[PDB]
Amino acid sequence: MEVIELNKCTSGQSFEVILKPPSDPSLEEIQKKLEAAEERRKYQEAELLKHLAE
Amino acid sequence: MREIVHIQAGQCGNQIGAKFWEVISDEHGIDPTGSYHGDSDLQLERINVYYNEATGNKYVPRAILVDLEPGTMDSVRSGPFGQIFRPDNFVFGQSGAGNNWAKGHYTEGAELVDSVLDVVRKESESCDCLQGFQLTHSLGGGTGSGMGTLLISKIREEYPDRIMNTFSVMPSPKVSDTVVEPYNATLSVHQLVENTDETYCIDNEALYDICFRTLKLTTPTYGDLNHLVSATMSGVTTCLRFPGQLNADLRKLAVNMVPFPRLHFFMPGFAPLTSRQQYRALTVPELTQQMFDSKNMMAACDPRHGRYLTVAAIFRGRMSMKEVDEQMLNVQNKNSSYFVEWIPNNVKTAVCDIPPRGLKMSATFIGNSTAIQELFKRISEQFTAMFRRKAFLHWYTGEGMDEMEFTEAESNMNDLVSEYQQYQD
Amino acid sequence: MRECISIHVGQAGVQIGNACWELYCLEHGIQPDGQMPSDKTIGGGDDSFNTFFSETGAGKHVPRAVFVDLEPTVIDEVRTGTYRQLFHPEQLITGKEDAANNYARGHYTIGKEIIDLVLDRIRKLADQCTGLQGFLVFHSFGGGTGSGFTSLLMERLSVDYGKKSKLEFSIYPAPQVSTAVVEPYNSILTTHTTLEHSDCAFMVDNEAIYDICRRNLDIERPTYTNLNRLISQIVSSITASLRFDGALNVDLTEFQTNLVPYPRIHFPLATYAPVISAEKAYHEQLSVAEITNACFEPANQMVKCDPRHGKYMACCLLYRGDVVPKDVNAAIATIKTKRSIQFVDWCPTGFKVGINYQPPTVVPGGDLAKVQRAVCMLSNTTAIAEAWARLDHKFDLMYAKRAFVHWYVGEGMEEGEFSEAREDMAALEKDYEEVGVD
Amino acid sequence: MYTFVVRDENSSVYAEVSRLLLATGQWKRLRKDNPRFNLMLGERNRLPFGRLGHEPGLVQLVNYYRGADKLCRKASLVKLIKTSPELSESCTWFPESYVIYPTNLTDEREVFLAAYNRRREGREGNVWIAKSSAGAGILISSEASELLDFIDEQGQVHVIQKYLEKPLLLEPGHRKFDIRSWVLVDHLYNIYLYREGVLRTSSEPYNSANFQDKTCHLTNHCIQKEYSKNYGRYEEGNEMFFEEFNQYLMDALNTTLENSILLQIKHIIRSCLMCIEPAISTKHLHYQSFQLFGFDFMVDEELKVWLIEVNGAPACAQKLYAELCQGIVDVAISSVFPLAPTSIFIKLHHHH
Ligand SMILES: Nc1nc2c(ncn2[C@@H]2O[C@H](COP(=O)(O)OP(=O)(O)OP(=O)(O)O)[C@@H](O)[C@H]2O)c(=O)[nH]1
Ligand SMILES: Nc1ncnc2c1ncn2[C@@H]1O[C@H](COP(=O)(O)OP(=O)(O)CP(=O)(O)O)[C@@H](O)[C@H]1O
Ligand SMILES: Nc1nc2c(ncn2[C@@H]2O[C@H](COP(=O)(O)OP(=O)(O)O)[C@@H](O)[C@H]2O)c(=O)[nH]1
Ligand SMILES: CS(=O)(=O)NCCc1ccc(F)cc1
Ligand SMILES: [Ca+2]
Ligand SMILES: [Ca+2]
Ligand SMILES: [Ca+2]
Ligand SMILES: [Mg+2]
Ligand SMILES: [Mg+2]
Ligand SMILES: [Mg+2]
């Protein structure tokens, strides 16, 4: 039961107690993902219009 | 500012749509002349969802009245709230559709549809942010069924990413006008499978049995049936017309009610349904017991024959929201055999403070049940009983249709029945 | 002094943000008009509260915050609410139609169109900072914006602010206060794409906050306002060290150093006490031991789980009010001899304690009662993996039938992203089991 | 209408409880994967406790205590007794035991040989027994070399404990036996001891000069009914109930079952369960637990009771299924979900 690094100030204090010792995607790659999904949306919509045109 | 554009087509469509605007106009304090006279700010918070605001603080419904014959819309224009509709929003022909889906969809209807879309485009261009469209119509006639589904096809083409919603009255031999109603309903159902995000199935037989057995109306009329539709349409749209912690626009509802794109046909319900003992206060248990009782449902499908994919209940009036959850959590935990166990928490509840006119409290029921396959099975059987003998087909081949298109409607409907069946096991 | 920028995404993030800044202002003596009489340095200064507030020449203390939502109705409340004067228009960003509870709609469809604008507004706040620490990101798991757009924002923040720390305050979905059925999908999708971009995340399960409001505050049917004022007390207890003089958790980096030894396992459990109803005739004031003992009761944990059957990796005790180190250690001794606290063998069995003498501030007309001392324990237990297990199971039930999947594919997401995200969660659960179970 | 699920089809006990619940007309059974249940008759292994108590408006109850395996595992029990101050290492009613891991994998090998050599040098009886939880696989011997070598040939943790060389032998027959006590712990952590126990007796004369033939040394009901040639001779199914055993103790030893044995049994049950109460109690938990335990005791010729093990998923004696199962419904299930005596249990009061 040891207390270490006791720091005190006007607004409080803080300390540590030890009971026992121990034993990314680049900006380019994010644009591709965003545009790839935008492309799959455009494709699905074109197939909707193609169906409606028939 | 999430505006909805309302369309009503054909006799049934315009008669049911008329009462709907009558009911909700009363709830929002809008008189027949468009002037507001309510006493609560809640009545206006979401008023722009269904009404446009003109000069002089006038509120004009965002509604488009469509028909291929003048008669029905002359009645509306002379009806109670007939003066409230925008005069330009009446679009009608003179030929009629003769209860013929081909005439509404391919011949007479085609000649008029472009001018209807001109009005739709006009109302859309003035919306700050358009939620989507809602259509009221029957499937058994010619204009609402044939031209209605033609309108939907042309609205989806021009507004591919907007929500398309319909209230669809399904025909029944017990409440029938002509024998070709199964033909028109089977042809429309396929259009709805493809081009609607949500369809509220209203079966005239269910409306009839309710007026006969529950409401104890000796001789029901179309007017009586339309009173139930008005009340139900007002109940399902309460989520959209008033404020609440739920928010919920058309797309958010669809995302939570439709787990598969084609299975988007709902069974509505209402409570109370009392006969003239009408002043007795209704407790929360009785509202809940009736709301889930089949005799309170309007699809004429026994829910105990299928399974609920998703269920939404809306309670209106000043009541115990704690006791609402208790009774709802009681119906589920007492009949958990009729709820699919692979959609967690598929029963949602919402409370609204303003009750319908003349009721301390009410409950509207919205179920996406696989039991709806019984309705489509009925239509299919009646279709095939006539089509196997090609009875009455000449009315349709005379309009340019071929037998193959009927064969395809049959297969499309039987596929739909097969799709519901696989999710019921 | 180093600045912290708060980002609030979606309804839950914006409404929780509104409650926190309301509390922050009452704690620092800031008025709704931004004035702060106790601040003797007009239009400048590098005090601790300046980590969260900038200052104009006119003496206005302005939150270092950005509010983002794809629909304007929630942020309009901020524009016209009590504290409308605090923020300026650039800080409140609103779209016209939301993600409809659709992760794919908030991440791809709509996110792609608004991401660059949001980065621009954040860049404006960053240019006001002389030494930005990082970001505190508030959002829900279930919402389409909170789930889908947050993950996109986090990806770009890692690119534009590589060396900056990012902490989350995430709302875990609870059916008692939700009408959405697809929230398990959204939660798992957003945890997958956000996991490698968040340094430390504080999950709050609405179910836990809901029961606390009914049990301790005697609220039969709590509202979001009730839920949010309670959450903003926990958030304030966690961020107080950044806003007040002190030596524990003085910068966002210290949160990772003290609570997260393994990067993926960065979801500390939060436990708060005491929560006393204001409507009570008058409550007996609890002692340091009693409130510390309460930190090991499941009833006041921000996520319902059983830490007795996990393993601790770290443990912070944050006290506010009349508390001296003497009483803390005395209560800790008693608790060890009575409680089941098992640390992992590769970590010291200890507690880091911080004490702030100023007791918790309570919003006038709020539900919470003024107490003389309160504590918030931040413990990293494997037991919080129960939250992932519950969530992953619901995901499996719906995904086995591809229910609702078409809504996501329709917005341009590939079906493979579902399984790619689910497999990441299966690996996350395996990490917790390897650390906690023998 | 209450609901329950069944996730262990092999449980004879809860097969009866489920059969009784339905007979009341007030309990409905759901599919094993339906989350909307009041009561879960859960599986033995890997029961998902983390998914319990998260259904709005549903009070959920389960028939297992999370963490009670510490008491129902051969190796776990030994560690719990030696490491728990409430039981201490000098616990007087538990045979000297040691946890021994096979060399192909802490371990108490050196600690065992130390106490072994002490006994060998002191002329004392040095017969030990090795067993594990992965057995139907038991070995009894007086040589430490054979005990250790037998464990290395396996691949799971084992336990070596002193073998009671002076067991109490019934007459006529000169035969060994053990005592099974059923104990029910409800959600409030009351400890109810079933008034009916069973002596699983050996039908063979106990032989101390031959531990090779284990039929007269192991009182398991399956070993006696398979490898014993006197099965069912003295009592039906090698099972003597308390009425007879008490009458015997009076005729032969001039004492009673209560005074000579039951006081120690009730004391042992209390000590074991009270010890782990803070670890497994569900008093402030979001769900509720109960569980049926099977304690197995040994009695020596001095009328001292020793604890053998604790079974977490025990079976019952055929004659006692109806009475005990009904009792589980009364104090464990209907106490939380009431329906629309002379209790068969013995409440062991204690300080929570
Ligand atoms: N604690 C708390 N939870 C909230 C709050 N608002 C919403 N939620 C929860 O958040 C989830 C819904 O996500 P939202 O944040 O409302 O949705 P969103 O992020 O705005 O995204 P959209 O789909 O575009 O609306 C549900 O589980 C709600 O319970 C709030 O103010 N406080
Ligand atoms: N230390 C010891 N001294 C004397 N006999 C012992 C003993 N350990 C075990 N036995 C004998 O072994 C038999 C059962 O062994 P054990 O209980 O370890 O196996 P098991 O667990 O598969 C049976 P159960 O779980 O049903 O009690 C008992 O009848 C007992 O007589
Ligand atoms: N509920 C209801 N159903 C109607 C009404 N009028 C017609 N129907 C039903 O609608 C079908 C006839 O369609 P109808 O609307 O008259 O054809 P249309 O004018 O060409 O669109 C039949 O099944 C009728 O039972 C009505 O006012 N209310
Ligand atoms: C050709 S018919 O069979 O006579 N038409 C009856 C229509 C109807 C039946 C019942 C109603 F409640 C309303 C309308
Ligand atoms: Ca013409
Ligand atoms: Ca200053
Ligand atoms: Ca990073
Ligand atoms: Mg007609
Ligand atoms: Mg939102
Ligand atoms: Mg055993």
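One-based numbering, in listed order, for ligands and for the atoms of each. Note on naming: letters A, B, ... go to the chains in the order of the sequence lines (proteins, then strands), and numbering restarts at 1 for each one. What's counted below: heavy atoms across the whole structure, side chains too, no hydrogens, waters or symmetry copies.
- Looking at atom 9 (C) of ligand 3, its nearest protein heavy atom turns out to be B:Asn204 ND2, 3.6 Å.
- For a distance bound of 3.0 Å, the N, O or S atoms of C:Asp47 include none lying that close to the Ca ion (ligand 6).
- You'll find the side chain of B:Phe167 reaches within 4.5 Å of the side chain of B:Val236, heavy atoms only.
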Does the side-chain hydrogen bond (donor to acceptor under 3.5 Å, both in side chains) test come out yes or no for C:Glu168 and C:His139, once each step is laid out?
CA-CA 8 Å; C:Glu168 304 179 69; C:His139 65 104; 2.7 Å; yes
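- Taking 4.5 Å as the limit, every side-chain heavy atom of C:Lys60 sits out of range of all side-chain heavy atoms of C:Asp33.
- The cationic atom of B:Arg77 (NZ for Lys, CZ for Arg) does not lie both less than 6.0 Å from the six-membered ring centre of B:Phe85 and within 45° of the ring axis.
- Among protein heavy atoms, atom 8 (N) of ligand 3 sits closest to B:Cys12 CB, 3.6 Å.
- Looking at heavy atoms from C-beta onward, C:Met1 lies in side-chain contact with C:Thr51 at the 4.5 angstrom threshold.
- Nearest non-hydrogen protein atom to atom 28 (N) of ligand 3 is B:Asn226 OD1, 2.6 Å.
- Within the 6.0 Å centre-distance limit, the rings of B:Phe212 and B:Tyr208 are counted as a close aromatic pair.
- Checked against the 6.0 Å centroid criterion, the rings of B:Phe365 and B:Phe270 do not qualify as a close aromatic pair.
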Set out, in order, the CA-CA distance, both residues' side-chain angles and the distance that settles ring-ring contact (aromatic ring centres under 6.0 Å, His included) for B:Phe392 and B:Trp395, then state yes or no.
CA-CA 6 Å; B:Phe392 309 98; B:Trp395 297 126; 8.2 Å; no
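- A heavy-atom distance below 4.5 Å is not found between the side chains of C:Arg64 and C:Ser6.
- Using a 4.5 Å heavy-atom threshold, the side chains of B:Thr136 and B:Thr166 count as separate.
- When hydrogens are left out, the protein atom nearest atom 22 (C) of ligand 3 is B:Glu181 OE2, 3.5 Å; that is the closest non-hydrogen contact.
- Rounding to 10 degrees, one finds that the Ca ion (ligand 6) sits at the corner of an angle of 160° between C:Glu55 OE2 and C:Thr41 OG1.
- Residue B:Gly142 places at least one N or O, backbone or side chain, under 3.5 Å from an N or O of ligand 3.
- Among all protein heavy atoms, the one lying closest to atom 25 (O) of ligand 3 is B:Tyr222 OH, 2.8 Å.
- Ligand 3 has no N or O atom lying under 3.5 Å from any N or O atom of B:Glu69, backbone or side chain.
- The shortest side-chain heavy-atom distance between C:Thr239 and C:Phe52 falls under the 4.5 Å cut-off.
- The heavy atom nearest to atom 27 (O) of ligand 3, considering only B:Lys19, B:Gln15, B:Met170, is found in B:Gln15.
- Between B:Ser145 and B:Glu181, the closest side-chain pair of non-hydrogen atoms is not below 4.5 Å.
- The B:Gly10 neighbourhood of ligand 3 comprises atoms 19 (O), 21 (O), with distances under 4.0 Å to a heavy atom of that residue.
- Taking distance alone, with nitrogen or oxygen atoms compared against 3.5 Å, B:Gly140 stays at or beyond that limit from ligand 3.
- Checking only distances, B:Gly13 never comes within under 3.5 Å of ligand 3, N or O to N or O.
- Between B:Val175 and ligand 3, a contact under 3.5 Å exists for at least one N or O pair.
- Between B:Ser176 and ligand 3, no pair of N/O atoms sits closer than 3.5 Å.
- Proximity of B:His137 to ligand 3, defined as any heavy-atom pair under 4.0 Å, is not found for any part of the residue.
- Proximity of B:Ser138 to ligand 3, defined as any heavy-atom pair under 4.0 Å, is confined to the side chain (atoms from C-beta onward).
- Using a 4.5 Å cut-off on side-chain heavy atoms (C-beta onward), C:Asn50 and C:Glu3 make no contact.
- For ligand 3, one of its N or O atoms has an N or O atom of B:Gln11 under 3.5 Å away.
- In this structure, of B:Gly144, B:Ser172, B:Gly141, B:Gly98, the residue bringing a heavy atom nearest to atom 21 (O) of ligand 3 is B:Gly144.
- If you check which protein heavy atom lies closest to atom 20 (O) of ligand 3, you get B:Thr143 N, 2.7 Å.
- The Ca ion (ligand 6) has C:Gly44 among its coordinating residues (N/O/S atom, backbone or side chain, under 3.0 Å).
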